[PDB]
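One structure is given here, and the rest of the page talks about it.
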Amino acid sequence: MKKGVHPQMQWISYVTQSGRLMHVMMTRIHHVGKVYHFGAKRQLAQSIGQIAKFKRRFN
Amino acid sequence: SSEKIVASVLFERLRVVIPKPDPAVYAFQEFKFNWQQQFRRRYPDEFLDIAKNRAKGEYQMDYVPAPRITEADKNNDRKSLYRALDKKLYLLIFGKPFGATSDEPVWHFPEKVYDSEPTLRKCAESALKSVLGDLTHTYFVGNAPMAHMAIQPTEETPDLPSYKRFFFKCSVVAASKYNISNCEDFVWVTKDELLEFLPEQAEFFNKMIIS
Amino acid sequence: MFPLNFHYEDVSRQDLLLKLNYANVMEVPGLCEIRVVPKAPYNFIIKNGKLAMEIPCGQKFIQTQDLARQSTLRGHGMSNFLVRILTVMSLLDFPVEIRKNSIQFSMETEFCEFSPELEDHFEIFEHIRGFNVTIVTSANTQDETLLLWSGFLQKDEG
Amino acid sequence: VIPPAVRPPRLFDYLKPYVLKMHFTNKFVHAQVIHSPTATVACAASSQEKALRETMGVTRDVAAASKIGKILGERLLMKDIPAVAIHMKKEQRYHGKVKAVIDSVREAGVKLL
Amino acid sequence: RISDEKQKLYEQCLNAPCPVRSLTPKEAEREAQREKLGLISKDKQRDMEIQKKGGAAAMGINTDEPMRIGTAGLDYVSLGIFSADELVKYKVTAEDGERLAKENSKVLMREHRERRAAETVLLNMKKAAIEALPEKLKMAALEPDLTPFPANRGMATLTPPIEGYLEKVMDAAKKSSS
RNA sequence: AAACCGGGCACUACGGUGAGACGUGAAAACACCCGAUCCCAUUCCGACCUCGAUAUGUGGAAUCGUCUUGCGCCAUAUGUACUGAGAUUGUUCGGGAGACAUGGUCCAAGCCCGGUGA
Ligand SMILES: [Mg+2]
């Protein structure tokens, strides 16, 4: 690693969906390192089909 | 002639937490972080003020990490998959294995005697199914045995026939509790405790099991 | 110490040794480097696009002649970047493609939108097409690369 | 490209028959002075020698290279060889262990040609 | 519109100074000759602007109190991984760095060699177990197991799962989904 | 001690340079496996190189051996092309390829250091 050439780093914390605490490094873009929590927001998308629309409409 | 192959299962729960590192490794990593910061570019305060100027307080919820020492560790609670989180646990069942040294129960692994099945992995899966009930939270590792033992009769037990015992590996996937049946008693023990449970087979299991 | 390298040394290596036929333990594949390149049309001029590559990589890119940009991550920087990538991959169903020895991954602005450390300073990553992330393994077979990627991608929901 | 065969420098006005060559491994450092017309070792010093592998702690580092260079320079002055010529291999630069050996030989009182 | 002030701030980030200026010895003599001639570089002027209002200590660098690994209140002592008395004490200097680096190399090489020896012994016993099988079962056992790893298996981290954490998060996600 | 083994230099295309298969890490040697604090390396990166660090792990990459071969290279035809001298308008006396074809990949072998033998 060349000196005087790379950005400063920062230690932050990751919390997974089960509560496990992990320390990772990050480019220093905040004043202090912060704890970040990860949710279950997998965000699956469902579209109602034509037959399903017909069944919910006229049955 | 020589027949009755035995397939054993080394049922495994991996480490839940990372073990404590060597203090010199931690000291060097912390020094390496602090030393390289002197020669790295320090972003101005105005760029950090993009986050600081909207660093907004909330109703607030403080996070408390779970301790690495559990109540099962404090109570020495065996049959529990929640103790010795930095180590690995192994399942022993208490009953009668294939060997006929006596009619008294002894600690052992889940075995089954091979009869006609296409693979020994099928026999190990049947042996594990006969103990835990279902293979929903189990993961077998490899079609090959990890080790084997050839048991030959000696000058003091000429009644026991010759046979080979093959060990297969299986991992606990996500279940912290299992319904253990077809046995009298069971434990979840580390490598050192399993070596203490098996004082006569410790020289083989010290090599079969990586600490 | 760090969870990714410890997971590789303590879990994945022994399982790969038991699962595949290897002559010696130095034939077991691992991780060599991570290559980050931006997706093909980009401005080359704005400081926004340069700071949008410097921040997630953690090290300065090389700009050759102004037609190419590249960042190569090795060692603990590679492991740190990879565990940051793999944690955010638990939040969506990001697609990856498995090469003979490589794992190619597209780091869109949607990926930066779901990074909790990059929720703020998101004006950096707006109007940026994204980056191509190449993960190079020391595997001689595509099946070995697929097994290694399945071992590294672990989530608590399942 | 195909690498060309390495040739010794061409004779211009004088012979200069003593050539210093250095070799370094993971464990030991070596320095041989070669008499080119006879292809014989005029003088050699290494940390692998029986009389030298115990008189120094580390036999592989820059300090070992400096000690071996000083020993070789003293041995060369003992054999009445006043000057040597330096030969570097493909990977060798004037840096580190090579620099340590060359500087110790020059400091011992041997001229470099 | 698109802010030129924001682009200027990002340029200041890309050309940000360091707490201490490191010079190659070839470049250090060039800077000394420039000082003798009376010429001042822009980076030298910025470094002198830094040093007149402090220095490395004003830019978040101090030797006697190094920054710990992790965020505040979540260091290795606070998590119960390490005790306070079993931590190696050091300063941020090159003299301590040589000692820590050499000891780190020794310890890491020893641990790596122990792991590789254990894996080699296990591989040899696996080959011995394969070769001690009947022919049909040996042919069946020699096939590679290309079954992918289960994603539901975890990865060891610095802290175990909390008992009422994953269930609550999954129940909230399921209730918000329906 | 006189042989052998490892490394460095030297010799060298029959000794070069590729490919495949099989082996080999001698109580020693070489390399790798490990790290990036200082030197050094990177128009980003311990990838290369460098500096460190290895009671014994590995010969996966390279490095050593054994065979099989491909290009080459060496030796050798037989015939022909071409050609020097000479005019039976070249009836003589000489030289002699390239491409083929046949074999071989030898034999011999110096100095220093370390190890085993001693
Ligand atoms: Mg011819």
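In the structure tokens, the first chain shown is A, the next is B, and so on; residue numbers restart at 1 for each chain, and ligands run from 1 in the order shown.
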> Got a sec to tell me which of chain A DSSP assigns to strand (DSSP E), as a list in words?
Replying inline: residues 9, 10, 11, 12, 13, 14, 15, 21, 22, 23, 24, 25, 26, 27, 35, 36 and 37 of chain A
> Hey, what's within 12 Å of residue 22 (chain C) if we count only C-alpha atoms (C1' of nucleotides) and toss same-chain stuff fewer than 5 positions away? As a VMD selection string, please?
Replying inline: (chain C and resid 13 to 17 27 to 29 140 144) or (chain E and resid 119 to 120 122 to 124 126 to 127 142 144) or (chain F and resid 60)
> Can you tell me which residues sit at most 12 Å away from ligand 1, counting only C-alpha atoms (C1' of nucleotides) and all ligand atoms, written as a PyMOL selection string?
Replying inline: chain F and resi 75-78+96-101
Please, could you write that set of residues out with N, CA and C atoms (P, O5', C5', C4', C3', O3' and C1' of nucleotides) as a PDB file, in the first residue's frame?
ATOM      1  P     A F  75      27.160 -32.480 -38.577  1.00  0.00           P
ATOM      2  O5'   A F  75      27.099 -34.035 -38.905  1.00  0.00           O
ATOM      3  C5'   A F  75      27.919 -34.960 -38.209  1.00  0.00           C
ATOM      4  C4'   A F  75      27.478 -36.384 -38.438  1.00  0.00           C
ATOM      5  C3'   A F  75      27.376 -36.827 -39.883  1.00  0.00           C
ATOM      6  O3'   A F  75      28.634 -37.115 -40.459  1.00  0.00           O
ATOM      7  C1'   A F  75      25.496 -37.602 -38.683  1.00  0.00           C
ATOM      8  P     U F  76      28.902 -36.773 -42.002  1.00  0.00           P
ATOM      9  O5'   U F  76      27.968 -37.796 -42.781  1.00  0.00           O
ATOM     10  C5'   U F  76      28.267 -39.181 -42.753  1.00  0.00           C
ATOM     11  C4'   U F  76      27.147 -40.027 -43.296  1.00  0.00           C
ATOM     12  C3'   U F  76      26.703 -39.757 -44.716  1.00  0.00           C
ATOM     13  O3'   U F  76      27.615 -40.178 -45.712  1.00  0.00           O
ATOM     14  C1'   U F  76      24.815 -40.122 -43.371  1.00  0.00           C
ATOM     15  P     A F  77      27.884 -39.225 -46.977  1.00  0.00           P
ATOM     16  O5'   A F  77      26.424 -38.790 -47.448  1.00  0.00           O
ATOM     17  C5'   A F  77      25.839 -39.314 -48.631  1.00  0.00           C
ATOM     18  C4'   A F  77      25.303 -40.705 -48.418  1.00  0.00           C
ATOM     19  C3'   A F  77      24.971 -41.491 -49.668  1.00  0.00           C
ATOM     20  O3'   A F  77      26.120 -42.034 -50.290  1.00  0.00           O
ATOM     21  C1'   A F  77      23.266 -41.786 -48.045  1.00  0.00           C
ATOM     22  P     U F  78      26.512 -41.584 -51.778  1.00  0.00           P
ATOM     23  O5'   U F  78      25.292 -42.085 -52.663  1.00  0.00           O
ATOM     24  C5'   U F  78      25.026 -43.469 -52.817  1.00  0.00           C
ATOM     25  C4'   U F  78      23.719 -43.705 -53.524  1.00  0.00           C
ATOM     26  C3'   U F  78      23.426 -42.794 -54.699  1.00  0.00           C
ATOM     27  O3'   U F  78      24.121 -43.141 -55.883  1.00  0.00           O
ATOM     28  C1'   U F  78      21.506 -42.957 -53.341  1.00  0.00           C
ATOM     29  P     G F  96      31.994 -32.471 -53.083  1.00  0.00           P
ATOM     30  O5'   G F  96      30.492 -32.037 -53.391  1.00  0.00           O
ATOM     31  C5'   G F  96      29.965 -30.796 -52.939  1.00  0.00           C
ATOM     32  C4'   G F  96      28.642 -30.481 -53.595  1.00  0.00           C
ATOM     33  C3'   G F  96      27.512 -31.456 -53.304  1.00  0.00           C
ATOM     34  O3'   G F  96      26.892 -31.206 -52.057  1.00  0.00           O
ATOM     35  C1'   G F  96      27.592 -31.025 -55.624  1.00  0.00           C
ATOM     36  P     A F  97      26.232 -32.408 -51.223  1.00  0.00           P
ATOM     37  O5'   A F  97      24.722 -32.434 -51.718  1.00  0.00           O
ATOM     38  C5'   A F  97      23.704 -31.800 -50.965  1.00  0.00           C
ATOM     39  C4'   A F  97      23.554 -30.344 -51.325  1.00  0.00           C
ATOM     40  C3'   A F  97      22.272 -29.692 -50.842  1.00  0.00           C
ATOM     41  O3'   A F  97      22.363 -29.247 -49.501  1.00  0.00           O
ATOM     42  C1'   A F  97      22.612 -29.174 -53.126  1.00  0.00           C
ATOM     43  P     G F  98      21.320 -29.767 -48.400  1.00  0.00           P
ATOM     44  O5'   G F  98      19.915 -29.237 -48.918  1.00  0.00           O
ATOM     45  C5'   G F  98      19.589 -27.858 -48.865  1.00  0.00           C
ATOM     46  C4'   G F  98      18.297 -27.579 -49.584  1.00  0.00           C
ATOM     47  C3'   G F  98      17.138 -28.499 -49.238  1.00  0.00           C
ATOM     48  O3'   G F  98      16.460 -28.137 -48.051  1.00  0.00           O
ATOM     49  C1'   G F  98      17.323 -28.332 -51.577  1.00  0.00           C
ATOM     50  P     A F  99      15.934 -29.269 -47.042  1.00  0.00           P
ATOM     51  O5'   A F  99      14.862 -30.094 -47.880  1.00  0.00           O
ATOM     52  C5'   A F  99      13.626 -29.519 -48.281  1.00  0.00           C
ATOM     53  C4'   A F  99      12.917 -30.406 -49.269  1.00  0.00           C
ATOM     54  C3'   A F  99      12.579 -31.797 -48.765  1.00  0.00           C
ATOM     55  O3'   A F  99      11.391 -31.805 -47.998  1.00  0.00           O
ATOM     56  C1'   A F  99      13.574 -31.955 -50.903  1.00  0.00           C
ATOM     57  P     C F 100      11.208 -32.840 -46.787  1.00  0.00           P
ATOM     58  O5'   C F 100      11.005 -34.231 -47.520  1.00  0.00           O
ATOM     59  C5'   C F 100      11.852 -35.324 -47.233  1.00  0.00           C
ATOM     60  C4'   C F 100      11.869 -36.322 -48.358  1.00  0.00           C
ATOM     61  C3'   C F 100      12.096 -37.760 -47.929  1.00  0.00           C
ATOM     62  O3'   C F 100      10.901 -38.396 -47.512  1.00  0.00           O
ATOM     63  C1'   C F 100      13.559 -37.235 -49.709  1.00  0.00           C
ATOM     64  P     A F 101      10.827 -39.149 -46.097  1.00  0.00           P
ATOM     65  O5'   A F 101      11.961 -40.260 -46.179  1.00  0.00           O
ATOM     66  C5'   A F 101      11.865 -41.350 -47.083  1.00  0.00           C
ATOM     67  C4'   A F 101      13.168 -42.102 -47.152  1.00  0.00           C
ATOM     68  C3'   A F 101      13.746 -42.523 -45.812  1.00  0.00           C
ATOM     69  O3'   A F 101      13.199 -43.746 -45.358  1.00  0.00           O
ATOM     70  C1'   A F 101      15.423 -41.470 -47.103  1.00  0.00           C
TER      71        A F 101
END
>> Select, as number ranges by chain, those residues of chain B with any atom no more than 8 Å from chain E (distances computed using only C-alpha atoms).
In response: B: 15-20, 22-25, 27-28, 30-31, 34-35, 37-44, 46-47, 65-68, 85, 118-120, 139, 141-148, 166, 172-174, 207-210
Could you take the residues named above and write them with C-alpha atoms, as a compact mmCIF listing (two decimals), in the first residue's frame?
# COMPACT_ATOMS: atom_id res chain seq x y z
CA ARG B 15 -18.89 -22.99 16.17
CA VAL B 16 -21.50 -20.33 16.91
CA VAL B 17 -18.92 -17.62 17.68
CA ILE B 18 -15.35 -16.98 16.60
CA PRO B 19 -12.87 -18.17 19.26
CA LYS B 20 -10.61 -15.74 21.06
CA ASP B 22 -3.99 -14.79 19.93
CA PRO B 23 -3.24 -11.47 21.71
CA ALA B 24 -0.30 -10.72 19.40
CA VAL B 25 -2.51 -11.11 16.32
CA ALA B 27 -2.36 -6.28 18.84
CA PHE B 28 -0.83 -6.28 15.36
CA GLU B 30 -5.06 -2.84 15.91
CA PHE B 31 -1.59 -1.37 15.37
CA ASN B 34 -3.82 2.86 13.68
CA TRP B 35 -0.47 3.12 11.85
CA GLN B 37 -4.37 6.02 9.29
CA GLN B 38 -1.48 8.50 9.54
CA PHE B 39 -0.69 8.03 5.83
CA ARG B 40 -4.27 7.96 4.52
CA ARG B 41 -6.40 10.79 3.17
CA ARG B 42 -8.56 12.54 5.76
CA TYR B 43 -11.88 13.70 4.30
CA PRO B 44 -12.94 17.25 5.26
CA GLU B 46 -18.01 19.38 5.55
CA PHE B 47 -18.32 16.02 3.78
CA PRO B 65 -25.19 -8.05 22.12
CA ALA B 66 -25.77 -11.54 23.45
CA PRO B 67 -22.99 -12.80 25.75
CA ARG B 68 -20.60 -15.48 24.53
CA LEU B 85 -20.21 -21.44 21.45
CA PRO B 118 -26.45 -49.07 -2.76
CA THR B 119 -24.20 -46.68 -0.77
CA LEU B 120 -22.83 -46.39 2.75
CA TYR B 139 -26.53 -31.90 6.02
CA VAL B 141 -20.78 -33.84 3.94
CA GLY B 142 -19.42 -35.99 1.12
CA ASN B 143 -20.18 -39.40 -0.35
CA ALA B 144 -16.92 -40.79 1.07
CA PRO B 145 -16.17 -41.82 4.66
CA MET B 146 -13.86 -39.48 6.53
CA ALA B 147 -12.07 -42.38 8.29
CA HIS B 148 -12.44 -46.06 9.07
CA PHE B 166 -16.86 -46.32 8.67
CA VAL B 172 -26.36 -29.37 12.29
CA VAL B 173 -27.90 -26.81 9.95
CA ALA B 174 -30.13 -24.54 12.03
CA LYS B 207 -6.76 -37.43 14.15
CA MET B 208 -10.31 -37.90 12.82
CA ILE B 209 -11.52 -34.64 14.39
CA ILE B 210 -9.82 -31.34 13.56
>> At a cut-off of 8 Å, using only C-alpha atoms (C1' of nucleotides), what residues contact region 13-22 of chain A? Leave out same-chain residues fewer than 2 positions from it and give the result as number ranges by chain.
In response: A: 11, 24, 33-40; B: 65-66; C: 3, 87, 156-157; E: 70-71, 157-162, 165-166, 169
>> I need the residues of chain D that end up classed as helix (DSSP H, G or I) by DSSP on the backbone, written out as a VMD selection string.
In response: chain D and resid 62 to 78 96 to 108
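Compared by their closest atoms to residue 21 (chain D), and using only C-alpha atoms, the residues D:78, D:61, D:36, D:4 rank with D:36 nearest.
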> Which residues, written as a VMD selection string, have at least one atom at most 10 Å from residue 135 (chain C), with only C-alpha atoms (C1' of nucleotides) counted and residues fewer than 5 positions away on the same chain left out?
Replying inline: chain C and resid 31 to 36 73 78 82 98 to 99 101 to 105 149
>> So that I can check the surroundings of residue 29 (chain D), please list as number ranges by chain every protein, DNA and RNA residue that reaches within 12 Å of it, counting only C-alpha atoms (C1' of nucleotides) and ignoring chain neighbours fewer than 2 positions away.
In response: D: 21-27, 31-32, 44-49, 52-53, 58-69, 72, 97-98, 100-101; F: 7-8, 113
> Got a sec: who's within 9 Å of residue 31 (chain A), counting only C-alpha atoms (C1' of nucleotides), leaving out chain neighbours fewer than 2 positions off, as a list in words?
Replying inline: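 Once the adjacent positions are removed, what remains is residues 28, 29 and 33 of chain A; 45, 48, 49, 51 and 52 of chain B.
The two atoms in question, CA of residue 110 (chain D) and CA of residue 17 (chain D), are spaced 14.6 Å apart.
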>> Give me, as JSON, numbers by chain, all polymer residues having an atom no more than 10 Å from region 16-33 of chain F, counting only C-alpha atoms (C1' of nucleotides) and skipping those fewer than 4 positions away in the same chain.
In response: {"C": [26], "D": [25, 26, 27], "E": [109, 112, 113, 116], "F": [5, 6, 7, 12, 54, 57, 58, 59, 60, 61, 62, 63, 64, 65, 66, 67, 68, 69, 70, 71, 72, 73, 114, 115, 116]}
> Using only C-alpha atoms (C1' of nucleotides), which of F:45, F:36, F:82, F:108 sits nearest chain B?
Replying inline: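 So, comparing all the options, the nearest one is F:36.
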